Every structure is written in structure tokens, then in C-alpha cells.
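The file my_file-v3.cif comes next; it holds mmCIF, C-alpha atoms.
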data_my_file
#
loop_
_atom_site.group_PDB
_atom_site.id
_atom_site.type_symbol
_atom_site.label_atom_id
_atom_site.label_comp_id
_atom_site.auth_asym_id
_atom_site.auth_seq_id
_atom_site.Cartn_x
_atom_site.Cartn_y
_atom_site.Cartn_z
ATOM 1 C CA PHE A 2 -6.687 2.387 -14.848
ATOM 2 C CA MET A 3 -4.481 -0.095 -12.975
ATOM 3 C CA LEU A 4 -7.478 -2.450 -13.006
ATOM 4 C CA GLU A 5 -8.014 -2.183 -16.766
ATOM 5 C CA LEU A 6 -4.280 -2.541 -17.401
ATOM 6 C CA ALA A 7 -4.227 -5.590 -15.141
ATOM 7 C CA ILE A 8 -7.227 -7.125 -16.888
ATOM 8 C CA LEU A 9 -6.213 -6.309 -20.466
ATOM 9 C CA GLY A 10 -2.630 -7.389 -19.755
ATOM 10 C CA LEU A 11 -3.777 -10.750 -18.365
ATOM 11 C CA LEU A 12 -6.212 -11.450 -21.177
ATOM 12 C CA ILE A 13 -3.584 -10.663 -23.841
ATOM 13 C CA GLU A 14 -1.670 -13.760 -22.627
ATOM 14 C CA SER A 15 -4.674 -16.043 -23.347
ATOM 15 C CA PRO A 16 -8.531 -16.050 -22.894
ATOM 16 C CA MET A 17 -9.586 -16.847 -19.310
ATOM 17 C CA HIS A 18 -12.546 -17.803 -17.123
ATOM 18 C CA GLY A 19 -13.668 -15.474 -14.328
ATOM 19 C CA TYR A 20 -12.084 -17.782 -11.718
ATOM 20 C CA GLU A 21 -8.645 -17.529 -13.395
ATOM 21 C CA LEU A 22 -8.739 -13.712 -13.697
ATOM 22 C CA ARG A 23 -9.642 -13.228 -9.993
ATOM 23 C CA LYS A 24 -6.858 -15.657 -9.057
ATOM 24 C CA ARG A 25 -4.325 -13.960 -11.340
ATOM 25 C CA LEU A 26 -5.500 -10.471 -10.275
ATOM 26 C CA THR A 27 -4.879 -11.385 -6.639
ATOM 27 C CA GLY A 28 -1.472 -12.756 -7.628
ATOM 28 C CA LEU A 29 -0.516 -9.425 -9.242
ATOM 29 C CA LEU A 30 -0.971 -7.600 -5.906
ATOM 30 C CA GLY A 31 -0.036 -10.190 -3.233
ATOM 31 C CA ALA A 32 -3.237 -9.706 -1.161
ATOM 32 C CA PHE A 33 -3.753 -13.096 0.530
ATOM 33 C CA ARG A 34 -7.384 -12.587 -0.545
ATOM 34 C CA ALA A 35 -9.450 -13.204 -3.632
ATOM 35 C CA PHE A 36 -9.795 -9.947 -5.529
ATOM 36 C CA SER A 37 -13.363 -8.927 -4.665
ATOM 37 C CA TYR A 38 -16.009 -10.127 -7.129
ATOM 38 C CA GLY A 39 -18.057 -6.927 -6.919
ATOM 39 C CA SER A 40 -14.935 -5.020 -7.897
ATOM 40 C CA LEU A 41 -14.024 -7.349 -10.793
ATOM 41 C CA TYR A 42 -17.379 -8.157 -12.433
ATOM 42 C CA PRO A 43 -18.639 -4.511 -12.811
ATOM 43 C CA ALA A 44 -15.315 -3.699 -14.516
ATOM 44 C CA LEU A 45 -15.928 -6.587 -16.947
ATOM 45 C CA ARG A 46 -19.509 -5.391 -17.617
ATOM 46 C CA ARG A 47 -18.074 -1.919 -18.339
ATOM 47 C CA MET A 48 -15.124 -3.279 -20.330
ATOM 48 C CA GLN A 49 -17.545 -5.403 -22.372
ATOM 49 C CA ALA A 50 -19.669 -2.282 -23.042
ATOM 50 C CA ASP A 51 -16.697 -0.232 -24.284
ATOM 51 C CA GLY A 52 -15.894 -3.162 -26.622
ATOM 52 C CA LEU A 53 -12.577 -4.082 -25.004
ATOM 53 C CA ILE A 54 -13.616 -7.645 -24.077
ATOM 54 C CA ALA A 55 -16.160 -10.301 -25.138
ATOM 55 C CA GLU A 56 -17.804 -13.127 -23.117
ATOM 56 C CA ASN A 57 -18.558 -16.696 -24.293
ATOM 57 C CA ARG A 69 -18.151 -17.830 -14.595
ATOM 58 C CA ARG A 70 -17.840 -17.663 -18.416
ATOM 59 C CA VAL A 71 -14.707 -17.335 -20.578
ATOM 60 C CA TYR A 72 -13.496 -13.809 -21.449
ATOM 61 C CA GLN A 73 -11.465 -12.779 -24.504
ATOM 62 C CA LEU A 74 -9.831 -9.535 -25.643
ATOM 63 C CA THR A 75 -11.129 -7.591 -28.680
ATOM 64 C CA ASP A 76 -9.110 -5.788 -31.368
ATOM 65 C CA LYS A 77 -10.107 -2.532 -29.648
ATOM 66 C CA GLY A 78 -8.941 -4.364 -26.517
ATOM 67 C CA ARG A 79 -5.489 -5.155 -27.985
ATOM 68 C CA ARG A 80 -5.110 -1.477 -29.010
ATOM 69 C CA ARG A 81 -6.256 -0.146 -25.626
ATOM 70 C CA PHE A 82 -3.664 -2.298 -23.860
ATOM 71 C CA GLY A 83 -1.002 -0.957 -26.218
ATOM 72 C CA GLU A 84 -1.929 2.539 -25.031
ATOM 73 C CA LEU A 85 -1.929 1.674 -21.325
ATOM 74 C CA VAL A 86 1.386 -0.217 -21.302
ATOM 75 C CA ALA A 87 2.934 2.877 -22.899
ATOM 76 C CA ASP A 88 1.452 5.156 -20.179
ATOM 77 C CA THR A 89 3.861 6.519 -17.548
ATOM 78 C CA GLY A 90 1.492 8.822 -15.575
ATOM 79 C CA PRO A 91 1.473 9.172 -11.723
ATOM 80 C CA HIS A 92 -1.048 6.275 -11.711
ATOM 81 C CA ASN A 93 1.976 4.014 -12.359
ATOM 82 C CA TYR A 94 4.090 5.089 -9.360
ATOM 83 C CA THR A 95 1.830 3.921 -6.494
ATOM 84 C CA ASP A 96 2.506 0.560 -4.821
ATOM 85 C CA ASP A 97 -0.292 -1.247 -6.673
ATOM 86 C CA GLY A 98 0.159 0.871 -9.816
ATOM 87 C CA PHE A 99 3.836 -0.024 -10.027
ATOM 88 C CA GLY A 100 3.496 -3.763 -9.317
ATOM 89 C CA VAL A 101 0.755 -4.115 -11.948
ATOM 90 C CA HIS A 102 2.766 -2.258 -14.602
ATOM 91 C CA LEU A 103 5.994 -4.029 -13.644
ATOM 92 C CA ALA A 104 4.227 -7.320 -14.492
ATOM 93 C CA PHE A 105 3.827 -6.201 -18.096
ATOM 94 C CA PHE A 106 7.316 -4.725 -18.478
ATOM 95 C CA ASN A 107 7.673 -7.546 -21.061
ATOM 96 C CA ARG A 108 5.395 -5.450 -23.311
ATOM 97 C CA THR A 109 6.450 -1.945 -22.086
ATOM 98 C CA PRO A 110 8.749 0.159 -24.391
ATOM 99 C CA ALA A 111 12.261 0.865 -23.059
ATOM 100 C CA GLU A 112 11.460 4.595 -22.801
ATOM 101 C CA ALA A 113 8.276 4.049 -20.769
ATOM 102 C CA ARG A 114 9.969 1.442 -18.556
ATOM 103 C CA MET A 115 12.686 3.964 -17.728
ATOM 104 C CA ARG A 116 10.160 6.716 -16.952
ATOM 105 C CA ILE A 117 8.069 4.428 -14.737
ATOM 106 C CA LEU A 118 11.139 3.253 -12.783
ATOM 107 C CA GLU A 119 12.126 6.889 -12.211
ATOM 108 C CA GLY A 120 8.620 7.944 -11.195
ATOM 109 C CA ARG A 121 8.602 5.051 -8.732
ATOM 110 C CA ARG A 122 12.075 6.048 -7.470
ATOM 111 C CA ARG A 123 10.765 9.586 -6.882
ATOM 112 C CA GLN A 124 7.891 8.171 -4.855
ATOM 113 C CA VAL A 125 10.004 5.869 -2.690
ATOM 114 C CA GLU A 126 12.708 8.538 -2.290
ATOM 115 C CA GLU A 127 10.107 10.948 -0.894
ATOM 116 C CA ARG A 128 8.770 8.238 1.412
ATOM 117 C CA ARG A 129 12.309 7.614 2.683
ATOM 118 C CA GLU A 130 12.803 11.353 3.285
ATOM 119 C CA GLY A 131 9.611 11.685 5.336
ATOM 120 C CA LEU A 132 10.736 8.654 7.347
ATOM 121 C CA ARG A 133 14.287 9.957 7.950
ATOM 122 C CA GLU A 134 12.642 13.238 9.002
ATOM 123 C CA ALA A 135 10.196 11.299 11.205
ATOM 124 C CA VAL A 136 13.007 9.464 13.039
ATOM 125 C CA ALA A 137 14.395 12.945 14.067
ATOM 126 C CA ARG A 138 12.531 12.862 17.398
ATOM 127 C CA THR A 147 8.474 5.725 20.609
ATOM 128 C CA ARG A 148 7.769 5.012 16.946
ATOM 129 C CA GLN A 149 10.231 2.175 16.267
ATOM 130 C CA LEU A 150 8.046 1.371 13.248
ATOM 131 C CA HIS A 151 9.428 4.391 11.332
ATOM 132 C CA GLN A 152 12.891 2.828 11.550
ATOM 133 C CA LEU A 153 11.418 -0.336 10.011
ATOM 134 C CA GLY A 154 9.675 1.769 7.368
ATOM 135 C CA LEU A 155 13.018 3.448 6.642
ATOM 136 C CA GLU A 156 15.100 0.311 6.105
ATOM 137 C CA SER A 157 12.434 -0.996 3.692
ATOM 138 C CA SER A 158 12.542 2.213 1.652
ATOM 139 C CA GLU A 159 16.336 2.013 1.682
ATOM 140 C CA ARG A 160 16.245 -1.502 0.253
ATOM 141 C CA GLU A 161 13.671 -0.560 -2.388
ATOM 142 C CA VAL A 162 15.558 2.544 -3.550
ATOM 143 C CA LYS A 163 18.793 0.519 -3.770
ATOM 144 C CA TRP A 164 16.869 -1.991 -5.859
ATOM 145 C CA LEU A 165 15.326 0.610 -8.168
ATOM 146 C CA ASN A 166 18.761 2.132 -8.786
ATOM 147 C CA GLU A 167 20.053 -1.306 -9.782
ATOM 148 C CA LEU A 168 17.060 -1.662 -12.054
ATOM 149 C CA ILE A 169 17.562 1.829 -13.486
ATOM 150 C CA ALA A 170 21.289 1.185 -13.959
ATOM 151 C CA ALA A 171 20.485 -1.985 -15.901
ATOM 152 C CA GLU A 172 18.084 -0.241 -18.279
ATOM 153 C CA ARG A 173 20.708 2.356 -19.242
ATOM 154 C CA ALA A 174 23.170 -0.420 -20.138
ATOM 155 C CA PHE B 2 -11.183 8.627 9.188
ATOM 156 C CA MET B 3 -10.802 9.211 12.939
ATOM 157 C CA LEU B 4 -8.406 12.098 12.352
ATOM 158 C CA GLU B 5 -9.377 13.600 15.707
ATOM 159 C CA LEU B 6 -7.457 11.180 17.925
ATOM 160 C CA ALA B 7 -4.403 12.634 16.175
ATOM 161 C CA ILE B 8 -5.489 16.212 16.866
ATOM 162 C CA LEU B 9 -6.890 15.712 20.391
ATOM 163 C CA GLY B 10 -3.892 13.557 21.316
ATOM 164 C CA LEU B 11 -1.467 16.244 20.183
ATOM 165 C CA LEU B 12 -3.463 19.229 21.351
ATOM 166 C CA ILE B 13 -3.758 18.380 25.041
ATOM 167 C CA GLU B 14 0.064 18.110 25.283
ATOM 168 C CA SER B 15 0.478 21.882 24.630
ATOM 169 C CA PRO B 16 -2.350 23.690 22.692
ATOM 170 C CA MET B 17 -0.439 25.240 19.758
ATOM 171 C CA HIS B 18 -1.413 26.604 16.317
ATOM 172 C CA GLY B 19 -0.688 25.241 12.825
ATOM 173 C CA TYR B 20 3.052 25.490 13.656
ATOM 174 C CA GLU B 21 3.522 22.069 15.316
ATOM 175 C CA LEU B 22 0.031 20.684 14.454
ATOM 176 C CA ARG B 23 0.659 20.264 10.721
ATOM 177 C CA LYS B 24 4.375 19.749 11.444
ATOM 178 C CA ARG B 25 3.796 17.034 14.042
ATOM 179 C CA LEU B 26 0.710 15.717 12.219
ATOM 180 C CA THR B 27 2.787 15.461 9.053
ATOM 181 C CA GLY B 28 5.433 13.534 10.991
ATOM 182 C CA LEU B 29 3.114 10.476 10.959
ATOM 183 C CA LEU B 30 4.437 9.629 7.444
ATOM 184 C CA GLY B 31 6.214 12.678 5.880
ATOM 185 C CA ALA B 32 6.728 14.960 2.842
ATOM 186 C CA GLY B 39 -2.144 18.893 4.506
ATOM 187 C CA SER B 40 -4.739 21.298 5.897
ATOM 188 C CA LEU B 41 -6.298 19.888 9.075
ATOM 189 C CA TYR B 42 -8.221 23.189 9.163
ATOM 190 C CA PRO B 43 -11.826 22.020 8.327
ATOM 191 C CA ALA B 44 -11.447 19.319 10.999
ATOM 192 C CA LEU B 45 -10.396 22.021 13.500
ATOM 193 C CA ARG B 46 -13.390 24.210 12.521
ATOM 194 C CA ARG B 47 -15.638 21.166 13.092
ATOM 195 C CA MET B 48 -13.808 20.103 16.265
ATOM 196 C CA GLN B 49 -14.141 23.675 17.581
ATOM 197 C CA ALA B 50 -17.891 23.639 16.800
ATOM 198 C CA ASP B 51 -18.555 20.394 18.669
ATOM 199 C CA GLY B 52 -16.647 21.886 21.632
ATOM 200 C CA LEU B 53 -13.638 19.557 21.597
ATOM 201 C CA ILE B 54 -11.062 22.322 21.026
ATOM 202 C CA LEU B 74 -8.289 20.922 24.244
ATOM 203 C CA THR B 75 -11.582 21.335 26.160
ATOM 204 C CA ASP B 76 -12.967 19.201 29.015
ATOM 205 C CA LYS B 77 -15.291 17.596 26.443
ATOM 206 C CA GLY B 78 -12.074 17.258 24.430
ATOM 207 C CA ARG B 79 -10.213 15.445 27.258
ATOM 208 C CA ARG B 80 -13.162 13.017 27.565
ATOM 209 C CA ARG B 81 -13.433 12.457 23.790
ATOM 210 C CA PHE B 82 -9.742 11.559 23.615
ATOM 211 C CA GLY B 83 -10.241 9.141 26.519
ATOM 212 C CA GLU B 84 -12.852 7.348 24.404
ATOM 213 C CA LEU B 85 -10.738 7.260 21.248
ATOM 214 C CA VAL B 86 -7.488 6.085 22.869
ATOM 215 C CA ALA B 87 -9.510 3.196 24.347
ATOM 216 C CA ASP B 88 -10.918 2.266 20.890
ATOM 217 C CA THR B 89 -9.478 -0.865 19.260
ATOM 218 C CA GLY B 90 -11.606 -1.121 16.080
ATOM 219 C CA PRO B 91 -10.297 -2.066 12.572
ATOM 220 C CA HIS B 92 -9.582 1.636 11.948
ATOM 221 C CA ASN B 93 -6.595 1.170 14.303
ATOM 222 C CA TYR B 94 -4.904 -1.636 12.330
ATOM 223 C CA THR B 95 -4.146 0.194 9.062
ATOM 224 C CA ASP B 96 -0.667 1.661 8.463
ATOM 225 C CA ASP B 97 -1.717 5.236 9.300
ATOM 226 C CA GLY B 98 -4.265 4.091 11.897
ATOM 227 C CA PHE B 99 -1.670 2.075 13.774
ATOM 228 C CA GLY B 100 1.162 4.636 13.747
ATOM 229 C CA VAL B 101 -1.153 7.396 14.988
ATOM 230 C CA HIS B 102 -2.499 5.241 17.836
ATOM 231 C CA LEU B 103 0.961 3.896 18.657
ATOM 232 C CA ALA B 104 2.031 7.511 19.305
ATOM 233 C CA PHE B 105 -0.447 7.759 22.171
ATOM 234 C CA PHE B 106 0.255 4.307 23.641
ATOM 235 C CA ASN B 107 1.415 6.366 26.660
ATOM 236 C CA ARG B 108 -2.291 7.070 27.313
ATOM 237 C CA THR B 109 -3.734 3.772 25.938
ATOM 238 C CA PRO B 110 -4.981 1.164 28.515
ATOM 239 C CA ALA B 111 -2.975 -2.083 28.655
ATOM 240 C CA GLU B 112 -6.005 -4.041 27.374
ATOM 241 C CA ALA B 113 -6.530 -1.778 24.346
ATOM 242 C CA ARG B 114 -2.794 -1.703 23.583
ATOM 243 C CA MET B 115 -2.754 -5.495 23.486
ATOM 244 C CA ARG B 116 -5.825 -5.725 21.241
ATOM 245 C CA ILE B 117 -4.447 -3.104 18.823
ATOM 246 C CA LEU B 118 -1.058 -4.870 18.571
ATOM 247 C CA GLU B 119 -2.885 -8.132 17.775
ATOM 248 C CA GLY B 120 -5.179 -6.503 15.217
ATOM 249 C CA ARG B 121 -2.090 -5.013 13.573
ATOM 250 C CA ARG B 122 -0.326 -8.393 13.670
ATOM 251 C CA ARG B 123 -3.355 -9.921 11.914
ATOM 252 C CA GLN B 124 -3.088 -7.378 9.150
ATOM 253 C CA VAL B 125 0.661 -7.724 8.617
ATOM 254 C CA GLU B 126 0.410 -11.533 8.870
ATOM 255 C CA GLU B 127 -2.099 -11.570 6.010
ATOM 256 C CA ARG B 128 0.062 -9.163 4.002
ATOM 257 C CA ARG B 129 3.049 -11.482 4.490
ATOM 258 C CA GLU B 130 1.010 -14.497 3.382
ATOM 259 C CA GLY B 131 -0.113 -12.873 0.137
ATOM 260 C CA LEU B 132 3.500 -11.955 -0.535
ATOM 261 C CA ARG B 133 4.932 -15.416 0.313
ATOM 262 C CA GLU B 134 2.281 -16.852 -2.004
ATOM 263 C CA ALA B 135 3.192 -14.238 -4.640
ATOM 264 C CA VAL B 136 6.909 -15.141 -4.574
ATOM 265 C CA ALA B 137 6.093 -18.856 -4.793
ATOM 266 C CA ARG B 138 4.704 -18.371 -8.319
ATOM 267 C CA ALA B 139 7.973 -17.925 -10.277
ATOM 268 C CA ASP B 144 9.151 -12.690 -14.303
ATOM 269 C CA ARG B 145 12.278 -11.990 -12.230
ATOM 270 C CA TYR B 146 11.437 -8.343 -11.483
ATOM 271 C CA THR B 147 8.006 -8.692 -9.873
ATOM 272 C CA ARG B 148 9.443 -11.536 -7.797
ATOM 273 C CA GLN B 149 12.214 -9.395 -6.295
ATOM 274 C CA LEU B 150 9.792 -6.596 -5.451
ATOM 275 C CA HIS B 151 7.515 -9.040 -3.668
ATOM 276 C CA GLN B 152 10.620 -10.548 -2.035
ATOM 277 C CA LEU B 153 11.398 -7.064 -0.685
ATOM 278 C CA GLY B 154 7.791 -6.680 0.443
ATOM 279 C CA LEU B 155 8.068 -10.068 2.172
ATOM 280 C CA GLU B 156 11.221 -9.365 4.178
ATOM 281 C CA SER B 157 9.677 -6.093 5.404
ATOM 282 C CA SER B 158 6.553 -7.889 6.627
ATOM 283 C CA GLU B 159 8.775 -10.498 8.278
ATOM 284 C CA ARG B 160 10.692 -7.785 10.141
ATOM 285 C CA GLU B 161 7.466 -6.062 11.226
ATOM 286 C CA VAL B 162 5.826 -9.276 12.475
ATOM 287 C CA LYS B 163 9.004 -10.175 14.408
ATOM 288 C CA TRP B 164 8.824 -6.694 15.919
ATOM 289 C CA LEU B 165 5.132 -6.940 16.824
ATOM 290 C CA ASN B 166 5.778 -10.281 18.558
ATOM 291 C CA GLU B 167 8.523 -8.686 20.633
ATOM 292 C CA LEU B 168 6.175 -5.828 21.422
ATOM 293 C CA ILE B 169 3.335 -8.213 22.290
ATOM 294 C CA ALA B 170 5.676 -10.337 24.442
ATOM 295 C CA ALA B 171 6.724 -7.238 26.373
ATOM 296 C CA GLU B 172 3.148 -6.161 27.138
ATOM 297 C CA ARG B 173 2.306 -9.538 28.715
ATOM 298 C CA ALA B 174 5.310 -9.424 31.075
ATOM 299 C CA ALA B 175 4.250 -7.325 34.088
#
Starting from the coordinates I provided, produce the structure as C-alpha cells.
Amino acid sequence: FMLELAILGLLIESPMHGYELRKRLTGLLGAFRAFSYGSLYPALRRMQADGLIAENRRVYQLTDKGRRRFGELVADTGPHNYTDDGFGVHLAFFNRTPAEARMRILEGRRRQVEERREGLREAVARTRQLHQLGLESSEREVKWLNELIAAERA
Amino acid sequence: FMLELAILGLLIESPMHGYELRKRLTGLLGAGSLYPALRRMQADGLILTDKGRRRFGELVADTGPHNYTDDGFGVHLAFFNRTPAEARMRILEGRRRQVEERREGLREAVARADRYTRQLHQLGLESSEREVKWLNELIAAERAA
């Protein structure tokens, strides 16, 4: 899902060659690694088959069915959107995400990081110095999400 | 994979039941059922048994890529008490390699700049930075004897 969203959301901007998509895909996650070819290209073969993209490696363009399918996925606010990769991908396309969905996604993310923080507070109640590090990160991210939630309300 | 080090490493300390296995086990990250693993680990004669004590001694020595992931690392780091100085050092380095690469992706991510994605990555970055700095301190300490 997060793959298709990533792909569809990139292609909507403009048509792209395989090289560009892999580059951009990697940029959406922050991997310090090309996105793997044998993860990308089978998705494109599938996404071609379902009539979401077309090919002229090559250059790839979005279909009308493609443009619609994106419009679905950007609206989606399911648990798929709250994971680290899920969130970062969706957050990219907040530009094209309705205010309602944005708000839901932010909250679903906040639930996820909140729970992480809780487990880590609980963990520190015990020589894992890494938990402490884990904790401060969560703290920062929650604080950030709250600021981002606050902004959406206003 | 290699949920077994976790169990064996806990178990030898004071062979309890679910109370304290799942509890302590859960305290690797926070907020499942180990039970099929225990049924298996019973069958192979690891549960701790003498064969168990040996099997742990293998696993604590291990320094493979399985040890460098977030869960992998934190589990192993628990049993550093019983991890040979050599293995400890290798594991710390293998972890540092992983976090280094994470940091690089994230530095690179921030560079392209979409205010919101940037800040998230920025957060990601500072965390990596803190963890690397920590690993260095922990590596430094292990050398000094």
C-alpha cells in the first residue's frame, strides 16, 4: 500500500524514468541505499497490469485509473499509515491529503508514538542506556506531533 | 529470528513461568505468546538445561547481522554481562555501521528541501546522532582495559 501510494504520488507530480523513481523512493524513506530494484520493478509490472501506470529504464506515466487510485489512497487513514515508513510516505503527500484525513493520520501516528514512549518509560523502570535514548526521541516526536495537531485545528 | 537467546538468557537467571518471561521479554520494547518457541525449545532439550547452558554460550558469542537490528541489538546488549569482550566489540561496531547508514540517509534526506517531512527527518537525524555518539563512548570504554 505504502509502496503504491509512494509510486502513484510521485508519478502524479510528473512522468519519470525508472532511475528517478528509485532515487525519489529512497528519498521518501531516508535509507542511504537505492530502493531495491527487485522490489520496485515487480510493483511496476503489477501496477501496469492493473492499469494504474503505462510505460513508454523507460519512462513511466500515470493513467486515469491511476489518478483515481491515488485519490483513494491519499484519503486513506488506516493503520498502514501510522508506521514509521507508512507515516513518512503519507506525510510527503499531505499537500494532496484532505484536512480530515490529515488530522486522523496525525492522531493515529500520535497513538503509535505515545505507546512506544509508554513501553520505553516502563522499560526504564529497572544496563540498557539505549531505552533512555529511545525515550527522549519519542518525547521529541510526540511534542512535534502535538504541535502539528494543534496547527491543523487552527 | 533468534528469539531463543532472549529466552535462554532470561531462563538461566531464575527458571520462571510466563509471569516474568513475557513480562521481561516484553520489556525489550514495550506495550506476545513465546509459547510455541518454549514447546520447541523444550523438545530440543534446551529448557534451562545443560544443553541449554551450552546453546546460550554459542548464541551470546554470535556477532552476525541478526545482532545489529534494533531488537537484535537491545536483546544482545541485555546479556553483555555474559558476552566475550571480542564479541561485544564486534556487535557494537556492527550496530554502529547500521546507525551510521541510517544517519546518512537522513542527513541526505534533510538536504533535499515540504517543511513537514523535513522536520521529521531532522528529528530522525538528531536521534541517530545521539545514538552514534553513545556507541562511540561505549566502544571507547571497551578498548580501555
**Request:** At a cut-off of 10 Å, list the chain B residues touching chain A, using only C-alpha atoms, as JSON, numbers by chain.
**Result:** {"B": [25, 27, 28, 29, 30, 31, 32, 96, 99, 100, 101, 103, 104, 105, 106, 107, 126, 127, 128, 129, 130, 131, 132, 133, 134, 135, 136, 138, 144, 145, 146, 147, 148, 149, 150, 151, 153, 154, 155, 156, 157, 158, 160, 161, 164, 165]}
**Request:** Apply the PyMOL selection byres ((chain A and resi 122) around 10) to the file shown and report the selected residues as a PyMOL selection string.
**Result:** chain A and resi 94+116-121+123-128+158+161-166+169
**Message:** Residue by residue, what does the PyMOL selection byres ((chain A and resi 21) around 12) grab here? Present the result as a PyMOL selection string.
**Reply:** chain A and resi 8+11-12+15-20+22-28+35-36+41+69-72
**Request:** Starting from the displayed file, determine the output of the PyMOL selection byres ((chain B and resi 167-169) around 10) and express the residue list as a ChimeraX atom specification.
**Result:** /B:114-119,122,161-166,170-174
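Among the candidates B:44, B:152, B:87, B:82, the one nearest to residue 2 (chain B) when counting only C-alpha atoms is B:44.
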Please, can region 125-150 of chain A be completed to N, CA, C and O atoms and returned as a compact mmCIF listing (two decimals), in the frame of the given file?
# COMPACT_ATOMS: atom_id res chain seq x y z
N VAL A 125 9.43 6.56 -3.83
CA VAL A 125 10.00 5.87 -2.69
C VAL A 125 11.02 6.78 -2.01
O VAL A 125 11.13 6.75 -0.78
N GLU A 126 11.75 7.57 -2.81
CA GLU A 126 12.71 8.54 -2.29
C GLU A 126 12.00 9.47 -1.32
O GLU A 126 12.54 9.70 -0.24
N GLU A 127 10.83 9.99 -1.71
CA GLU A 127 10.11 10.95 -0.89
C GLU A 127 9.63 10.28 0.39
O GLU A 127 9.64 10.88 1.45
N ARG A 128 9.20 9.02 0.27
CA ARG A 128 8.77 8.24 1.41
C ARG A 128 9.92 8.13 2.41
O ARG A 128 9.75 8.45 3.59
N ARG A 129 11.09 7.73 1.90
CA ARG A 129 12.31 7.61 2.68
C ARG A 129 12.64 8.93 3.41
O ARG A 129 13.07 8.91 4.56
N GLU A 130 12.44 10.06 2.74
CA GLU A 130 12.80 11.35 3.28
C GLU A 130 11.90 11.66 4.47
O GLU A 130 12.40 12.02 5.54
N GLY A 131 10.58 11.50 4.28
CA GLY A 131 9.61 11.68 5.34
C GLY A 131 9.93 10.82 6.55
O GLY A 131 9.73 11.24 7.69
N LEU A 132 10.45 9.61 6.29
CA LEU A 132 10.74 8.65 7.35
C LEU A 132 12.04 8.98 8.08
O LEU A 132 12.08 8.84 9.31
N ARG A 133 13.08 9.41 7.34
CA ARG A 133 14.29 9.96 7.95
C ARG A 133 13.91 11.14 8.83
O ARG A 133 14.32 11.21 9.98
N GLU A 134 13.10 12.06 8.28
CA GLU A 134 12.64 13.24 9.00
C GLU A 134 11.85 12.82 10.23
O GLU A 134 12.00 13.43 11.29
N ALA A 135 11.03 11.77 10.11
CA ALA A 135 10.20 11.30 11.20
C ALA A 135 11.05 10.80 12.38
O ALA A 135 10.75 11.10 13.54
N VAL A 136 12.11 10.04 12.06
CA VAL A 136 13.01 9.46 13.04
C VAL A 136 13.77 10.57 13.78
O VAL A 136 14.52 10.25 14.70
N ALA A 137 13.67 11.86 13.39
CA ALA A 137 14.40 12.94 14.07
C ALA A 137 13.59 13.50 15.26
O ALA A 137 13.13 14.65 15.29
N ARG A 138 13.42 12.64 16.27
CA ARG A 138 12.53 12.86 17.40
C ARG A 138 13.08 12.15 18.65
O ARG A 138 13.06 12.75 19.77
N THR A 147 7.50 6.84 20.77
CA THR A 147 8.47 5.72 20.61
C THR A 147 8.17 4.92 19.34
O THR A 147 8.01 3.69 19.35
N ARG A 148 7.96 5.66 18.24
CA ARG A 148 7.77 5.01 16.95
C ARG A 148 9.10 4.35 16.53
O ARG A 148 10.06 4.99 16.06
N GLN A 149 9.19 3.04 16.80
CA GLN A 149 10.23 2.17 16.27
C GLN A 149 9.82 1.69 14.87
O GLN A 149 10.66 1.18 14.13
N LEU A 150 8.53 1.84 14.52
CA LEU A 150 8.05 1.37 13.25
C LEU A 150 8.64 2.24 12.16
O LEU A 150 8.89 1.69 11.10
